[PDB]
Amino acid sequence: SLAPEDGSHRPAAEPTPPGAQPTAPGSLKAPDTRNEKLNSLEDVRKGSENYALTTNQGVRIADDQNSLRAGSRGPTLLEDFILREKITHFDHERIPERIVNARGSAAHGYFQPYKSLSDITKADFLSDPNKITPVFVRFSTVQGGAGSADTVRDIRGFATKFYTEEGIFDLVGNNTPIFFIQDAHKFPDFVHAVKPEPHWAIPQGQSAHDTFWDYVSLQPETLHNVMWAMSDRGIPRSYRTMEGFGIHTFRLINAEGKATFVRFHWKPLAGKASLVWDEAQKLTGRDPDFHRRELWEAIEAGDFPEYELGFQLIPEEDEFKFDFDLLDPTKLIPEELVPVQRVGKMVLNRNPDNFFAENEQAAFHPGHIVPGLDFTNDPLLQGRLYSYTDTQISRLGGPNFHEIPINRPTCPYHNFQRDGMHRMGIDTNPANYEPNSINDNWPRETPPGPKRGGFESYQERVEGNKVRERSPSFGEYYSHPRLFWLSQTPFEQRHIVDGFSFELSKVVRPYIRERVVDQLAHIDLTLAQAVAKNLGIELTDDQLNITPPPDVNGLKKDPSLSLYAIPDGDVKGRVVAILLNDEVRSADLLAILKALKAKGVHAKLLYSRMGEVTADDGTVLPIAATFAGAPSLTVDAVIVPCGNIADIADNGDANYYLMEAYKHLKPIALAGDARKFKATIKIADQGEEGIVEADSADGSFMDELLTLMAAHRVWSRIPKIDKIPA
Amino acid sequence: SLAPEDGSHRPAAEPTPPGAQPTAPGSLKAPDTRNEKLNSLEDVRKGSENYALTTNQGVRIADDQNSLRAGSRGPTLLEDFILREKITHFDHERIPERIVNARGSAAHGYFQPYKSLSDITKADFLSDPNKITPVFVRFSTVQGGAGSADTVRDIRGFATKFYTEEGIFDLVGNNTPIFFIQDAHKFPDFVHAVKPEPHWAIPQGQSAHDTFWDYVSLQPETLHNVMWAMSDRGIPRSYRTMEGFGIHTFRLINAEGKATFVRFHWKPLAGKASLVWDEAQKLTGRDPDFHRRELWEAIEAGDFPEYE
Amino acid sequence: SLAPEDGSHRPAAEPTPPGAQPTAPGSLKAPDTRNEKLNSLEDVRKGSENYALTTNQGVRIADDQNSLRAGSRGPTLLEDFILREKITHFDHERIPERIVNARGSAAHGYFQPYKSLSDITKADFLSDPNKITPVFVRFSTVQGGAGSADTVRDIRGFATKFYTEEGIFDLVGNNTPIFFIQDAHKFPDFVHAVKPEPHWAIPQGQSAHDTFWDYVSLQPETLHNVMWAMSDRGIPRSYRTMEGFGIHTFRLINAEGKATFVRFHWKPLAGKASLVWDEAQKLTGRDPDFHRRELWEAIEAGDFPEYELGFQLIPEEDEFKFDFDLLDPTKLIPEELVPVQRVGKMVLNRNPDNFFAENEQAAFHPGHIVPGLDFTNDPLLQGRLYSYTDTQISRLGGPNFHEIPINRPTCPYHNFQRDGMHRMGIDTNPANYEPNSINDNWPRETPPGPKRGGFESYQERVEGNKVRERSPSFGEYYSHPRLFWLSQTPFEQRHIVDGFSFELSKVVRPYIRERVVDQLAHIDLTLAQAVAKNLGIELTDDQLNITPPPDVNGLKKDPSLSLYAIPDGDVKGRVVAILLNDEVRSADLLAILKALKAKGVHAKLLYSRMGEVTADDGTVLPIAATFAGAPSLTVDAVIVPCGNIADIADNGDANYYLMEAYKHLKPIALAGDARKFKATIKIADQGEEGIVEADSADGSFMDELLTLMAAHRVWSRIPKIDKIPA
Amino acid sequence: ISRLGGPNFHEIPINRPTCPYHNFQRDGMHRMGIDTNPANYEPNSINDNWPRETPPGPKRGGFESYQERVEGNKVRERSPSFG
Ligand code: HEM
Ligand code: HEM
Ligand code: HEM
């Protein structure tokens with residue numbers, strides 16, 4: 001029952017490209033990657049090699065293949081304590097998944113600021129460019145269960161736990177800069193509406209159903225984040241290629257006591273990139289684990305996800321200077337009005353060891369702040385402060401969830417709290433209360449001050465009556481949707497129109513569709529008309545005369561709201577499919593791989609069967625996957641080298657592979673006789689931008705391909721794809 | 001008055017074909033379809049039309065749109081007990097999913113035997129062809145979570161709760177007539193091998209990964225059920241068009257105390273029918289809820305799943 | 001600083017007698033005491049001196065006196081995350097108490113065998129006289145809640161966790177050698193019957209109610225342990241002065257595979273000693289924590305509880321050599337037939353640091369055996385094997401209770417079990433199943449062998465039909481109760497009579513009393529008559545002629561069954577009340593205290609008030625307690641020295657002190673004018689056995705007193721106590 | 001929530017209101033009530049927005065807090081009048 005002779009069961013503990021080795025727990029793949037938090041988990045890491053198999057009480061097991069029975073065909077005996085312990089632990093494996101964001105993928109890394117921020121905040125983790133803060137990040141979808149698919153259309157969660165020297169700070173954000181609703185009291189309404197409908201629990205991972213669009217049509221506050229969801233923001237290529245936002249306005253407090261309003265941003269250093277809808281939806285079927293896999297593999301390859309932290313900063317005296325309320329989380333602050341100041345860089349550089357222990361049990365909370373940070377009255381933030389504490393007690397089984405290893409602070413913690421289910425800490429303090437004399441009052445309160453001080457809330461002025469009332473300043477719902485719409489490129493606008501049209505086609509009750517279209521007519525007539533036409537709906541004269549909402553503080557657009565208007569492409573860590581034949585021209589392949597390797601782009605070698613093929617020069621080429629097994633959905637570009645093209649010329653899967661990649665706007669490159677495939681994608685002989693072609697794969701061919709890949713997708717091909725049957 | 005004036009928001013309370021009307025809870029879609037179990041659930045069914053919105057304590061709510069704050073732009077106050085109750089119930093909605101067969105779709109129905117089986121079993125539910133036994137049946141996949149896809153390649157579970165006059169009998173079977181392993185002591189081994197791998201929790205809903213095939217290769221007792229899983233049996237067209245089996249040999253005991261060995265079968269009266277692999281895998285993407293949907297809609301249409 | 005200047009808040013970290021210092025956490029009191037288990041807990045112990053007060057996330061708290069509010073008389077704000085974490089942890093402090101034995105008191109210690117027992121067992125912890133095994137022992141009552149009283153009449157539990165090098169072994173026993181019932185199936189019936197009745201949840205800590213005696217009257221198998229319960233066995237003086245028993249027959253298994261039947265015994269090295277009923281019951285009121293307190297204070301004083309482990313051993317071929325069935329847990333094995341062989345010694349030498357974390361969360365299981373031990377078919381033990389695993393999952397919150405620090409093995413444990421609520425261990429094994437090739441099949445099964453081998457069950461022959469049937473061999477109910485009765489001294493027999501009489505008086509339905517009396521007439525006529533008389537019941541002529549049950553294998557008694565038949569007193573750690581007056585004769589006191597100190601006997605100095613008094617010669621005498629504050633119930637004897645006897649001669653409390661102690665059969669000693677107190681307890685001028693008296697507290701006054709204390713109580717005084725109104 | 005095992009402790013018989021209770025809350029451990037409402041959110045059109053909010057009033061009205069004036073700074077401070 002043993003390992004192969006050749007040690008091929010065990011992956012190399014060295015960075016390797018996706019597919020080259022079986023993936024492995026982080027501490028075994030990258031044992032020399034350390035930080036303070038990863039080190040501190042060492043008390044609970046358990047190995048296995050050379051150890052005897054035992055019960056949980058330490059008793060060695062002789063026979064782990066059989067129950068104890070009276071004779072070998074007899075009844076199982078109740079005294080089999082080994083069987084019952086093993087079955088009981090199995091029987092009790094599951095815990096409640098998260099009520100939202102149950103589907104998520106996490107990794108370890110570190111953060112450091114570029115320069116001390118002491119002028120605007122006394123937060124210790126921002127005080128020194130050479131003081132490094134361990135982090136654990138979990139990225140997530142929102143709607144679906146923990147076993148749902150990665151590449152659904154949904155908002156994404158982006159939660160970062162900072163293990164600072166002055167306490168855990170969790171920054172619990174999303175990949176769009178606003179939320180659907182204004183006041184936390186409506187959260188259960190909204191989430192019930194987007195989640196599977198309660199009679200039949202359908203659909204998973206999708207807003208494309210009646211109840212979501214019903215709530216939307218009756219709650220126009222939702223429309224801004226709905227625009228972002230229906231755009232390609234809702235289908236990121238990778239967690240590495242999306243933006244992050246805290247959404248709410250928070251405060252920074254400096255040593256002088258000055259408060260500055262702040263909104264938090266993460267910039268992906270790999271650039272912004274999203275799938276297209278047909279590709280994203282098909283990919284939930286071909287690989288429901290695509291984003292989880294891609295994140296794990298990037299870290300195993302050395303393509304560490306990196307993000308830049310950035311702050312939009314607004315002085316206290318400028319609180320009311322915009323035509324939107326800063327405390328309204330359905331409103332974004334355009335970068336054109338308030339730029340993002342770069343603050344520091346976060347690098348995710350190691351995977352967990354056990355997904356359940358570290359990812360499933362991690363607990364983040366936006367209420368987890370530190371001195372130098374504070375809240376505001378944002379009525380959605382205010383309610384979140386209550387919710388995460390409450391849900392985690394039942395999800396994680398009691399109030400000692402901070403003792404679960406992943407959640408533990410790395411800085412000191414001491415207090416008079418005691419007991420609770422699964423209490424780990426054995427307190428020796430003779431006192432469990434303060435004030436006490438019997439322990440000289442330790443642990444003691446600490447006055448606030450410039451560093452290492454106790455937490456004190458900023459003394460904000462509160463004046464008003466106890467009311468359940470939405471601020472009048474929050475009652476404007478169309479101008480930000482329209483700013484977003486106007487800031488998208490034409491192809492991005494088309495994909496938005498296609499998102500609304502596809503989703504509303506799945507709404508069974510037609511008046512719900514009509515009411516949503518009426519809401520679109522309040523944002524932009526061109527958008528409303530394009531959706532209406534796809535739905536066979538005709539706008540009335542009144543609808544055509546709805547006056548468009550005002551510009552946002554004179555802005556007619558802000559290109560930072562577009563994924564693509566401003567190029568920010570980075571090809572490192574992207575992947576190319578190379579479609580092999582049984583007599584590959586080894587000169588083509590040499591040049592291809594050399595150029596890819598120079599830019600940090602990975603390759604997957606594909607064929608019509610598994611095993612190996614032999615190139616013209618005797619080189620044996622191992623096959624990663626079949627054309628069916630690793631579809632074009634899972635790669636960024638396709639390259640077909642010369643060789644014996646007749647081997648694959650009439651293979652349906654190989655032809656379809658090119659048709660699918662072509663449809664989904666990916667760069668394709670064809671060398672030598674592979675150019676015969678130009679017929680399948682049915683498109684000229686002078687060639688076309690987006691298809692690289694040459695007698696062979698030279699320097700120039702690869703440079704062209706690599707340039708297209710830096711632009712992510714071939715948008716100019718869009719008019720050509722409605723004709724292809726794929 | 002948010003409902004459309006034409007009453008088109010509400011599905012007709014009569015059988016209708018898939019897609020013709022919005023789907024609805026069973027007691028509203030088919031109020032006249034009754035059995036003893038469904039009738040006995042009446043004490044806990046809760047309606048809604050014409051009733052005031054309240055807390056769980058019965059206090060009427062005036063404004064379910066806003067938290068209580070100090071000023072309309074001020075901080076939320078700890079005294080907002082309406083807000084806290086609503087968010088707390090929300091916060092605690094989830095329970096652990098089933099350790100296996102977490103993904104499953106269920107319906108109510110009824111069973112009747114063709115003739116009294118008193119000669120071979122004193123089981124009351126099988127004693128009289130005029131004796132009707134309410135059932136609740138759940139069909140499931142095995143490996144994936146409750147939010148995983150329906151048309152994966154997997155064994156299917158087929159569990160029937162018989163509410164008999166002498167006790168609940170649960171017949172907890174699968175859609176193939178054998179299981180992968182011999183002794184329950186190995187069940188955590190086998191299930192761990194098929195389930196997502198522990199470092200990264202991949203893949204969902206699939207035995208197509210190293211640990212499953214490592215275990216199979218080292219445990220040849222698995223091969224028989226593996227053959228079934230790799231065949232089109234692993235990808236049924238519908239829960240209505242697959243076979244059921246209790247797998248184990250049980251005993252029937254008659255009044256004279258004679259034991260007869262029995263294995264249980266379910267025959268789908270709609271026939272046996274499966275998907276093909278490329279279709280099944282793509283369907284997990286285009287509609288991960290396809291079997292759940294198909295079952296619900298068949299019952300709404302009057303195409304009742306029948307099994308012998 | 002709130003501590004006093006003089007440092008009197010902090011107990012001395014050295015052995016001190018009961019009452020001399022405040023009690024403290026074990027690791028603070030006795031930092032120098034260590035064993036392997038205590039050392040292994042070090043990583044979870046938490047200090048407090050010199051640390052800042054923080055949240056559980058490590059954020060320093062500035063003001064731990066106030067909620068955050070809008071204005072200092074304003075509403076509390078939801079954003080107060082410091083308040084909500086502190087209150088939430090508080091809100092969730094409790095866990096379910098144990099279904100039975102909820103009330104218990106526990107200490108750390110160590111065990112060592114006297115010699116290797118490798119000839120009869122391959123159990124590692126018994127293999128070497130040099131091998132020391134850490135232990136954790138919890139003693140308990142059975143019926144009452146965690147907050148019920150110690151000195152109730154009840155069975156006591158005695159549970160020992162041995163942290164061996166081959167696994168945790170739990171020896172989960174009682175202070176009597178049999179149980180009430182035969183088959184585990186009836187455990188909920190019996191326990192429901194003894195526990196508080198379900199309508200009104202009365203009575204706590206008492207079998208004196210209808211449902212208990214109803215069950216007993218209908219289930220004669222219970223009578224054996226009921227006899228024990230009604231005897232003074234039911235009210236021990238201290239956990240230090242009771243026997244322990246595993247009750248069931250288990251097996252020892254040697255390296256050759258030979259099985260030997262075994263029953264386990266603990267012998268108290270401090271000897272056997274019990275309270276009398278009126279004393280025990282009042283003491284539940286004056287100090288409901290008396291046993292818990294006494295165990296803790298003995299350990300702080302260095303009076304470490306010591307027990308000898310012993311085995312009754314029966315060869316496999318002698319299974320049917322007795323009049324009763326070895327597998328019947330309502331039968332004892334008389335020591336006259338099978339002697340107890342001494343095995344080793346256990347010393348409890350350290351208190352916990354945190355009662356909840358170490359005591360409340362400890363989980364013991366009679367199914368936790370190690371290779372070299374095995375079970376038998378005892379049908380009560382059989383069912384136990386199921387129950388403790390089940391209960392502990394809900395009590396302790398999931399299947400990883402073995403990771404709670406007190407429960408962890410000190411030896412290695414590795415297996416393929418994963419996940420579960422509150423999972424601490426982070427597994428790095430690429431595999432979570434076996435057989436596996438991807439981790440070379442580690443951790444691996446180990447064949448059984450002479451040492452360090454895997455667990456294999458003894459291949460006992462099983463033959464018969466699947467039946468719910470009691471063995472006919474178990475169907476004898478009276479001969480063990482009779483053996484027990486005949487082995488008791490006449491004063492122990494009287495206290496048994498009075499236990500049944502008092503409990504049956506509290507049974508409201510008269511026919512239930514009648515039915516119990518009829519059961520007694522089947523055991524012993526003298527017993528039945530005496531109880532009957534106290535209940536106003538007359539035996540019928542038929543009851544009067546019930547033939548008594550036969551002797552047990554020829555024995556008409558066994559004095560090892562009696563608490564007192566064979567003197568085994570030890571005065572070390574017993575306590576004496578010394579009743580002071582305002583002008584004590586200092587020569588009497590020096591001699592008293594010097595004599596007490598030499599035998600390890602503690603003293604408490606008592607007066608009509610707190611503070612101090614001054615002896616005839618200037619010596620300042622500090623008062624420990626008032627007569628009312630520390631009643632005679634709490635001491636083993638009373639000495640009254642000479643002095644100004646007039647000062648307390650008419651003190652109602654001081655007179656009553658002597659009356660109570662007289663009634664409860666405690667030695668009393670009176671010196672010089674303290675002899676005036678003879679009048680209050682009606683002692684004749686020439687004195688009586690059990691009252692020491694003289695002109696001064698010595699020559700042989702202290703030897704006489706200490707001699708009486710060695711005999712525990714003055715049994716000969718029993719006829720005299722009825723005429724004393726106390 | 002922890003003592004009684006989940007968020008449906010109001011369905012424990014002794015705790016239940018004797019007056020009507022209807023809302024959009026769903027699920028939670030040991031859920032007894034089986035909701036037939038097509039909607040589990042409001043505002044909804046698919047159940048005509050039932051169950052519905054009720055304005056506060058002299059009898060049978062919805063709960064509205066008394067509109068007490070709050071003026072002060074966010075402080076963790078004991079009122080001097082309590083001293
Ligand atoms: C700005 C709007 C919000 C954002 C950016 C957001 C973000 C997130 C994220 C990223 C997670 C997953 C953390 C993880 O990976 O474990 C999460 C979980 C959760 N959120 Fe929020 N959220 C928002 C609004 C709300 C609201 C209004 C509430 C309720 C008042 C709420 C309650 C919850 C709950 C109960 C969880 C599960 C937490 C756990 O089980 O540990 N969220 N949220
Ligand atoms: C012939 C072999 C088996 C068959 C046909 C089978 C069938 C099933 C089915 C259909 C379900 C889902 C019931 C539902 O819809 O809720 C289920 C659940 C489950 N099974 Fe089995 N099973 C088999 C073997 C085993 C074994 C050997 C074990 C462990 C010793 C096991 C443990 C479980 C557990 C713990 C659940 C979850 C039950 C719950 O949470 O209610 N099964 N099984
Ligand atoms: C020879 C007869 C028995 C003896 C000597 C005995 C002894 C004990 C003791 C000493 C404890 C307390 C352990 C501790 O201090 O934490 C205990 C707890 C317990 N016992 Fe037994 N017991 C007996 C019979 C039974 C039976 C027949 C059952 C059920 C079939 C049972 C079920 C339990 C349960 C559920 C607990 C609570 C365990 C926990 O919560 O950790 N016992 N027993």
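The figures that follow rest on heavy atoms only: side chains count, while hydrogens, waters and symmetry mates do not. Per chain, numbering begins at 1; letters A, B, ... match sequence-line order.
Both the backbone and the side chain of A:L2 come within contact range of chain C, judged by heavy atoms closer than 4.5 Å. Within the 4.5 angstrom heavy-atom criterion, no atom of C:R461 approaches chain A. For chain A, the nearby parts of C:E85 are the backbone and the side chain; heavy atoms of each come within less than 4.5 Å. For A:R418, the parts sitting under 4.5 Å from any heavy atom of chain C are the backbone and the side chain alike. Of the two parts of C:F81, only the side chain, counted from C-beta on, holds a non-hydrogen atom closer than 4.5 Å to a non-hydrogen atom of chain A. Neither the backbone nor the side chain of A:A24 comes within less than 4.5 Å of any heavy atom of chain C. Looking at A:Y163, there are no atoms closer than 4.5 Å to chain C (heavy atoms on both sides), in backbone or side chain. Residue contact with chain C, scored on non-hydrogen atoms closer than 4.5 Å, involves the side chain of A:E358 exclusively. Interface remark: A:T446 contributes backbone and side-chain atoms alike to the contact with chain C (heavy atom separation under 4.5 Å). Proximity to chain C (any heavy atom under 4.5 Å) is restricted, for A:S27, to the side chain, taken from C-beta onward. Proximity to chain A involves both the backbone and the side chain of C:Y386, based on heavy atoms less than 4.5 angstrom apart. In this structure, chain C has a heavy atom under 4.5 Å from the side chain of A:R10, while its backbone stays farther away. Contacts between A:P443 and chain C at a heavy-atom distance below 4.5 Å involve backbone atoms as well as side-chain atoms. With a 4.5 Å cut-off on non-hydrogen atoms, A:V44 touches chain C through its backbone and its side chain both. Contact of A:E360 with chain C is not made at all, since no heavy-atom distance falls under 4.5 Å. Neither the backbone nor the side chain of A:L381 comes within less than 4.5 Å of any heavy atom in chain C. In this structure, chain C has a heavy atom under 4.5 Å from the backbone of A:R395, while its side chain stays farther away. Both the backbone and the side chain of C:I404 have a heavy atom closer than 4.5 Å to some heavy atom of chain A. Of the atoms belonging to C:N50, heavy atoms from both backbone and side chain fall under 4.5 Å from chain A. For a residue to count as touching a neighbouring chain, one of its non-hydrogen atoms must lie under 4.5 Å from one of that chain's; by this rule A:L77 does not touch chain C. Residue C:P352: no heavy atom, backbone or side chain, is found under 4.5 Å from chain A. Looking at C:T389, only its side chain comes within 4.5 Å of chain A, counting heavy atoms on both sides. If you measure heavy-atom distances from C:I406 to chain A, you find no contacts under 4.5 Å at all. Using a 4.5 Å cut-off between heavy atoms, C:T55 contacts chain A through its backbone alone, with no side-chain atom that close.
Separating the CZ atom in C:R384 from the CG atom in A:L78 is a distance of 13.0 Å, to the nearest 0.5 Å. Remark: A:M424 CE to C:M424 CE distance equals 3.5 Å, nearest 0.5 Å. To the nearest 0.5 Å, atoms CH2 (C:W442) and CG (A:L53) are separated by 11.0 Å. With values rounded to the nearest 0.5 angstrom, C:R444 atom CZ is found 7.0 Å from A:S1 atom OG. Note that CG of A:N432 is 11.5 Å distant from OG of C:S48, once rounded to the nearest 0.5 Å. Between atom CG of residue A:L385 and atom CG of residue C:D80 there is a gap of 10.0 Å, rounded to the nearest 0.5 Å.
Ranked by heavy-atom pairs shorter than 4.5 Å toward chain C, the options A:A70, A:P405, A:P25 are led by A:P405. Each of A:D374, A:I438, A:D170, A:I82 has some count of heavy-atom pairs under 4.5 Å with chain C, and the biggest count is that of A:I438. The greatest number of non-hydrogen atom pairs below 4.5 Å with chain A, out of C:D63, C:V370, C:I393, C:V462, is found for C:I393. Considering only heavy-atom pairs separated by less than 4.5 Å from chain A, the leading option among C:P448, C:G47, C:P11 is C:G47. Taking C:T410, C:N407, C:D390, C:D353 one by one and counting their heavy-atom pairs under 4.5 Å with chain A, the maximum is reached by C:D353. Ranked by heavy-atom pairs under 4.5 Å with chain C, the list A:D43, A:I369, A:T164 is led by A:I369. Ranked by heavy-atom pairs under 4.5 Å with chain A, the first of C:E403, C:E460, C:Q65 is C:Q65. Ranked by non-hydrogen atom pairs under 4.5 Å with chain A, the options C:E434, C:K466, C:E456 are led by C:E434. Interface summary for chain A: among C:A357, C:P447, C:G397, the most heavy-atom pairs under 4.5 angstrom belong to C:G397. Between chain C and the options A:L396, A:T88, A:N377, A:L68, heavy-atom pairs under 4.5 Å are most frequent for A:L396.
In this structure, a donor-acceptor pair under 3.5 Å is present between the side chains of C:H89 and A:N400. Side-chain polar atoms of A:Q417 and C:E93 form no donor-acceptor pair below 3.5 angstrom. No side-chain donor-acceptor contact under 3.5 Å links C:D419 and A:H92.
Residues A:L28 and C:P430 have side chains in contact (heavy-atom distance under 4.5 Å, counting atoms from C-beta outward). Using a 4.5 Å cut-off on side-chain heavy atoms (C-beta onward), A:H368 and C:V59 make no contact.
The aromatic rings of A:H414 and C:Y51 sit parallel to each other, their planes meeting at less than 30°, with 60° as the upper class boundary. Ring geometry, C:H422 versus A:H422: the interplanar angle falls under 30°, so the pair is classed parallel (tilted spans 30 to 60°).
Between the C:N354 side chain and the A:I426 main chain, no donor and acceptor come within less than 3.5 Å of each other. With hydrogens and angles disregarded, a donor-acceptor distance shorter than 3.5 Å links the side chain of A:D440 to the backbone of C:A3. When atom types are taken as modelled, the side chain of C:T428 and the backbone of A:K46 share a donor-acceptor pair closer than 3.5 angstrom. C:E445 places a side-chain N or O within 3.5 Å of a backbone atom of A:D64 that can act as its donor or acceptor partner. Put simply, the side chain of A:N415 gets close to the backbone of C:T54: a donor and an acceptor are under 3.5 Å apart. In terms of modelled atom types and a separation under 3.5 Å, the side chain of A:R60 and the main chain of C:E166 share no donor-acceptor contact. Listed for the A:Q361 side chain is a donor-acceptor partner under 3.5 Å among the backbone atoms of C:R423.
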